[PDB]
Amino acid sequence: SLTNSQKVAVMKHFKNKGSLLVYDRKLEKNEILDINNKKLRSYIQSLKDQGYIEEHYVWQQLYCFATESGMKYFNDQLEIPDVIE
Amino acid sequence: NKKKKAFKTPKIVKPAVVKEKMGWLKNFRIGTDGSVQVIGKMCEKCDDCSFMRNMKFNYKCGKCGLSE
Amino acid sequence: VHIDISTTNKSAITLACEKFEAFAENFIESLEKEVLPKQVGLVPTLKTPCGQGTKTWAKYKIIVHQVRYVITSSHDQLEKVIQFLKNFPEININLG
Amino acid sequence: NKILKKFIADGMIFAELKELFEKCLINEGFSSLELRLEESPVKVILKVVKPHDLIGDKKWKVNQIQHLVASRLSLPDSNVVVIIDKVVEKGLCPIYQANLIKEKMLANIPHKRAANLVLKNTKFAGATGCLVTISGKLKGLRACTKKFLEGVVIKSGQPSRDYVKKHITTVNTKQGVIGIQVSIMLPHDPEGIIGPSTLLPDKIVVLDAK
RNA sequence: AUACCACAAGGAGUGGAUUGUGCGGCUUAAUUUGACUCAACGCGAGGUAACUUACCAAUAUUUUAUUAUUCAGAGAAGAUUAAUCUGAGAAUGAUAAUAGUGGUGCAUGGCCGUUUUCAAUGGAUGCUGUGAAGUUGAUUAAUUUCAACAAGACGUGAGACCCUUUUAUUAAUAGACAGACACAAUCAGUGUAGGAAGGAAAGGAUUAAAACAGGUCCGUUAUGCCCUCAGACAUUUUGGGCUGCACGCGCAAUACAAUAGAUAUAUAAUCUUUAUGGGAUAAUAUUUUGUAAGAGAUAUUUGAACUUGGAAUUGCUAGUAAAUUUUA
Ligand SMILES: [Mg+2]
Ligand SMILES: [Mg+2]
Ligand SMILES: [Mg+2]
Ligand SMILES: [Mg+2]
Ligand SMILES: [Mg+2]
Ligand SMILES: [Mg+2]
Ligand SMILES: [Mg+2]
Ligand SMILES: [Mg+2]
Ligand SMILES: [Mg+2]
Ligand SMILES: [Mg+2]
Ligand SMILES: [Mg+2]
Numbered sequence: 002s003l004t005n006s007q008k009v010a011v012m013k014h015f016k017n018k019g020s021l022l023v024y025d026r027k028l029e030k031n032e033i034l035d036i037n038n039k040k041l042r043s044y045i046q047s048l049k050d051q052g053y054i055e056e057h058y059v060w061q062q063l064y065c066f067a068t069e070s071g072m073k074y075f076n077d078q079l080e081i082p083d084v085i086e
Numbered sequence: 077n078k079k080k081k082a083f084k085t086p087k088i089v090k091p092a093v094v095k096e097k098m099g100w101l102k103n104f105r106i107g108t109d110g111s112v113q114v115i116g117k118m119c120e121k122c123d124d125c126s127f128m129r130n131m132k133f134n135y136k137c138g139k140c141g142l143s144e
Numbered sequence: 003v004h005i006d007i008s009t010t011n012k013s014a015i016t017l018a019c020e021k022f023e024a025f026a027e028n029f030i031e032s033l034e035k036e037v038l039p040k041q042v043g044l045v046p047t048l049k050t051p052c053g054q055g056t057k058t059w060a061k062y063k064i065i066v067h068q069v070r071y072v073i074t075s076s077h078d079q080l081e082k083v084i085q086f087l088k089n090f091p092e093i094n095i096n097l098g
Numbered sequence: 005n006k007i008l009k010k011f012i013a014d015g016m017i018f019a020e021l022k023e024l025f026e027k028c029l030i031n032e033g034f035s036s037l038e039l040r041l042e043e044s045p046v047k048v049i050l051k052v053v054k055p056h057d058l059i060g061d062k063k064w065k066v067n068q069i070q071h072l073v074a075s076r077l078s079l080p081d082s083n084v085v086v087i088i089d090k091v092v093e094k095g096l097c098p099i100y101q102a103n104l105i106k107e108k109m110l111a112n113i114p115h116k117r118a119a120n121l122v123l124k125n126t127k128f129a130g131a132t133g134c135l136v137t138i139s140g141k142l143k144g145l146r147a148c149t150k151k152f153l154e155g156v157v158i159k160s161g162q163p164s165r166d167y168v169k170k171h172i173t174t175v176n177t178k179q180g181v182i183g184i185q186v187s188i189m190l191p192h193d194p195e196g197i198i199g200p201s202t203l204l205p206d207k208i209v210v211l212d213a214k
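Chains as they are written, first to last, in the deposited numbering: chain SK0, 2 to 86; chain SFF, 77 to 144; chain SU0, 3 to 98; chain SD0, 5 to 214.
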């Protein structure tokens, strides 16, 4: 249930670096991109059912890596068909 | 052997959600000439779009919270 | 210029000594060697994750070796050696 | 007292950063990790068995890991340098030898076949002895354990600690969890590359009169 | 054969009183729960109030996917304190993921404990039999080293190795070996002498094969099956509990006094010459920590039992037992 403004704030970070660090605090916001931390984790959990990203949880921390099906999908989302300069 | 708690009291009801229809159109008036007569007040940092929340002793901004 | 060596094993602090003693004392300036006695951390803990059997305890430890040099020199004479004699596992925090 | 407090904190970083590689790098088989922290690029060094897959592909795995390690340690990016190397001998790495049993047990090959293959590899490698133990639900309701010993192995004292290499892995299955333990006894070499350089105190050789 | 978790020679106890703690029963709305000879009972590193917390009495808030139906920008679902912004999903179904200190340690892993201050154990050569199979004395903590022997050699465990204290001095290195002499053989054991140290220098740590339906699902994003699905067997808030009182038991702290008490200059001087020993219980007043005291500290008063304990039983051989102090 996140807005479209912050949902593109997530997909823009995945095209550059491909990785994201999430903590496990239940009443905080992420410093890199301002989303409530319980809502941001539920966003990543819905991305896994499409298969675009795989996760790893160790020592109260999340480490997520997108796959080739996600990195194909994510740069296609922000894609402009033609650019005239 | 935990079980379901059966409560002899019924559920206390929650207040129902309300929403006033065409709440944004109240702030403008339409003349017979076709021109718009503006009655509500727009806050000075956000004069373009937002209106000030009309309280008796206070004027309130919904974006920045400026108080007057 | 108080400069120190702090390690975790004995064998690393030894090979840094005869490399530094020949390069610093014999060439430019004088120095002083100073070794500090060791500092030991103790965490006595119970072994089993239960309270059933015969209660035994275990003592864990961690040791720090400290050797300090006290040098008074010119400016670049010590600072050329920091770039030259940087060894791999040891830390050497230099206080100019 | 203050200088003791710093060395503890960098080790709790090391415990968390080790178990990431045991979850993320099953495909290429890392042997170990090493961390250098007191240089201006803080150095993460990885010994993987198969580095030719990574640098040959030039994927994001060199770069995706590089973003996480700095953002975990709150350092900015392009301040960490990750160096990749090879492993010398695949037989002496017990993490890779136990990982192969995790692959082979999933193809319904029986445990007597899978344990018999790992003893043959180290006999070609040159280790003196190994020990593999299987334990759990092997044939039904009751549980047991079976161990398969090859060669000689020493398990007492400090000179045991320089000459063994052990690891515990588990395999999940549809009924219960099965534990897998593997030990490898390293042979002597006085170069220091393959094994420990120092000699056993039991064995005493006498020079000839000549 | 062997042994202070067995006696013997010895010495301090316990069981007898008071109190702090853990177990059993009982009571109540709830007094959450695992463990029961060595091998359960100051044990879960479980020490007094909210959390911890699983119990009772009440309140408030909700993860995802495929797909069915009805909504929804002529503004879903939110945030704020009825009117102000932001704005695109929502409501009920069904499968499939997610959650539970809810059950099963007689369905498992891992980590442990007990046997165990036990000493045994594996190929290869030869010999005996059709075959399964098999190869006395001394001494040592130890199938640990000898001697005789159809057996001759090897490997694992023990040992060797590692950490602490002690003498010295370049502070990381020497120093001890049963070395020396004596006690008729080898392997040993005992006594004297020199030495900081004489017999494993003293004390620890590591630690075979194998066994137990030993304990641990209430440490774990370790897990199979089962059970539960939104005032949830989820999670949050406020009070009450785990500590209650007829009564049985285990582990401990002060005592029953001149080998003592008060005072002090700590042998200046003085007093008590038998209940001025003993401190439980309780009152009034000042006060510390905490959101919150039947919680800790100070002044004065009240002053219980108790005059060495029945049957029985635990530990201990040198700077040991016993007594008095000291950090985390
Ligand atoms: Mg050995
Ligand atoms: Mg040993
Ligand atoms: Mg008594
Ligand atoms: Mg409570
Ligand atoms: Mg659970
Ligand atoms: Mg059991
Ligand atoms: Mg049982
Ligand atoms: Mg509930
Ligand atoms: Mg619950
Ligand atoms: Mg005591
Ligand atoms: Mg008195």
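Where is the CB? At the ideal position from N, CA and C, for every residue including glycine.
So which of the options has the shortest CA-CA distance to residue i?
{"i": "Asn-11 (chain SU0)", "options": "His-67 (chain SU0), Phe-29 (chain SU0), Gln-85 (chain SU0) and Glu-27 (chain SU0)", "result": "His-67 (chain SU0)"}
{"i": "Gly-71 (chain SK0)", "options": "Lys-13 (chain SK0), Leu-34 (chain SK0) and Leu-28 (chain SK0)", "result": "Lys-13 (chain SK0)"}
{"i": "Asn-134 (chain SFF)", "options": "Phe-127 (chain SFF), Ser-143 (chain SFF) and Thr-85 (chain SFF)", "result": "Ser-143 (chain SFF)"}
{"i": "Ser-126 (chain SFF)", "options": "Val-93 (chain SFF), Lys-95 (chain SFF) and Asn-103 (chain SFF)", "result": "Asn-103 (chain SFF)"}
{"i": "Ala-14 (chain SU0)", "options": "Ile-84 (chain SU0), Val-3 (chain SU0) and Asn-89 (chain SU0)", "result": "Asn-89 (chain SU0)"}
{"i": "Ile-5 (chain SU0)", "options": "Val-72 (chain SU0), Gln-85 (chain SU0) and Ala-26 (chain SU0)", "result": "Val-72 (chain SU0)"}
{"i": "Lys-82 (chain SU0)", "options": "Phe-29 (chain SU0), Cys-19 (chain SU0) and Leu-17 (chain SU0)", "result": "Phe-29 (chain SU0)"}
{"i": "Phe-25 (chain SU0)", "options": "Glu-92 (chain SU0), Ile-84 (chain SU0) and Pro-91 (chain SU0)", "result": "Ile-84 (chain SU0)"}
{"i": "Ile-65 (chain SU0)", "options": "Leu-211 (chain SD0), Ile-59 (chain SD0), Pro-191 (chain SD0) and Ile-7 (chain SD0)", "result": "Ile-7 (chain SD0)"}
Between residue i and residue j, is the Cβ-Cβ spacing less than 9 Å?
{"i": "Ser-20 (chain SK0)", "j": "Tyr-64 (chain SK0)", "result": "yes"}
{"i": "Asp-81 (chain SD0)", "j": "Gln-70 (chain SD0)", "result": "yes"}
{"i": "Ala-119 (chain SD0)", "j": "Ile-138 (chain SD0)", "result": "yes"}
{"i": "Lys-10 (chain SD0)", "j": "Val-53 (chain SD0)", "result": "no"}
{"i": "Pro-163 (chain SD0)", "j": "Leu-204 (chain SD0)", "result": "yes"}
{"i": "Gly-199 (chain SD0)", "j": "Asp-193 (chain SD0)", "result": "yes"}
{"i": "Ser-187 (chain SD0)", "j": "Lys-214 (chain SD0)", "result": "no"}
{"i": "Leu-80 (chain SU0)", "j": "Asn-94 (chain SU0)", "result": "no"}
{"i": "residue 1 (chain SU0)", "j": "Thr-74 (chain SU0)", "result": "Examination of residue 1 (chain SU0) is not possible in this model, given that chain SU0 is present from 3 through 98 alone."}
{"i": "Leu-142 (chain SD0)", "j": "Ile-182 (chain SD0)", "result": "yes"}
{"i": "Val-9 (chain SK0)", "j": "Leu-79 (chain SK0)", "result": "yes"}
{"i": "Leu-87 (chain SU0)", "j": "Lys-21 (chain SU0)", "result": "yes"}
{"i": "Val-84 (chain SD0)", "j": "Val-122 (chain SD0)", "result": "no"}
{"i": "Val-175 (chain SD0)", "j": "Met-189 (chain SD0)", "result": "no"}
{"i": "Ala-129 (chain SD0)", "j": "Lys-94 (chain SD0)", "result": "yes"}
{"i": "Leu-50 (chain SD0)", "j": "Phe-18 (chain SD0)", "result": "no"}
If you draw a straight line from the C-alpha of residue i to the C-alpha of residue j, how long is it?
{"i": "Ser-8 (chain SU0)", "j": "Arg-76 (chain SD0)", "result": "26 Å"}
{"i": "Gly-138 (chain SFF)", "j": "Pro-91 (chain SFF)", "result": "24 Å"}
{"i": "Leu-145 (chain SD0)", "j": "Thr-173 (chain SD0)", "result": "22 Å"}
{"i": "residue 215 (chain SD0)", "j": "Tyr-44 (chain SK0)", "result": "Limits of chain SD0 in this structure are 5 at one end and 214 at the other, which puts residue 215 (chain SD0) out of reach."}
{"i": "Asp-25 (chain SK0)", "j": "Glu-20 (chain SD0)", "result": "15 Å"}
{"i": "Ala-67 (chain SK0)", "j": "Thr-132 (chain SD0)", "result": "43 Å"}
{"i": "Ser-2 (chain SK0)", "j": "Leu-48 (chain SK0)", "result": "13 Å"}
{"i": "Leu-72 (chain SD0)", "j": "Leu-22 (chain SK0)", "result": "7 Å"}
{"i": "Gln-7 (chain SK0)", "j": "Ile-36 (chain SK0)", "result": "8 Å"}
{"i": "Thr-56 (chain SU0)", "j": "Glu-26 (chain SD0)", "result": "35 Å"}
{"i": "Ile-208 (chain SD0)", "j": "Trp-60 (chain SK0)", "result": "49 Å"}
{"i": "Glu-43 (chain SD0)", "j": "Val-156 (chain SD0)", "result": "43 Å"}
{"i": "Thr-177 (chain SD0)", "j": "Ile-184 (chain SD0)", "result": "13 Å"}
{"i": "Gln-46 (chain SK0)", "j": "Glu-107 (chain SD0)", "result": "28 Å"}
{"i": "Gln-62 (chain SK0)", "j": "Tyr-74 (chain SK0)", "result": "26 Å"}
State the CB to CB distance for the pair residue i and residue j, rounded to an integer number of angstroms; the pair is presumed to be in contact (CB under 8 Å).
{"i": "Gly-196 (chain SD0)", "j": "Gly-140 (chain SD0)", "result": "Not a contact, Cβ separation roughly 39 Å."}
{"i": "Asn-38 (chain SK0)", "j": "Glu-32 (chain SK0)", "result": "Wrong, their Cβ atoms sit about 11 Å apart, outside the cutoff."}
{"i": "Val-37 (chain SU0)", "j": "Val-69 (chain SU0)", "result": "5 Å"}
{"i": "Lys-121 (chain SFF)", "j": "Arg-129 (chain SFF)", "result": "At roughly 14 Å, the Cβ-Cβ gap does not stay under 8 Å, so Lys-121 (chain SFF) and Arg-129 (chain SFF) are not in contact."}
{"i": "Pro-55 (chain SD0)", "j": "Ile-88 (chain SD0)", "result": "5 Å"}
With three or more C-beta pairs closer than 8 Å as the rule, is the region 38-45 of chain SU0 touching the region 104-118 of chain SFF?
no
Flag this pair as touching only if the region 74-86 of chain SK0 and the region 77-95 of chain SFF have three or more C-beta atom pairs under 8 Å; answer yes or no.
no
Would you call the region 148-158 of chain SD0 and the region 58-69 of chain SD0 touching, i.e. three or more CB-CB distances under 8 Å?
no
Is there contact between the region 93-110 of chain SD0 and the region 37-56 of chain SK0, where contact requires at least three CB pairs shorter than 8 Å?
Taking 8 Å as the limit for Cβ pairs, the verdict is that the region 37-56 of chain SK0 does not touch the region 93-110 of chain SD0.
Do three or more CB pairs link the region 25-41 of chain SD0 to the region 89-101 of chain SD0 at distances below 8 Å?
Put simply, the region 25-41 of chain SD0 touches the region 89-101 of chain SD0. At least three CB pairs are less than 8 Å apart.
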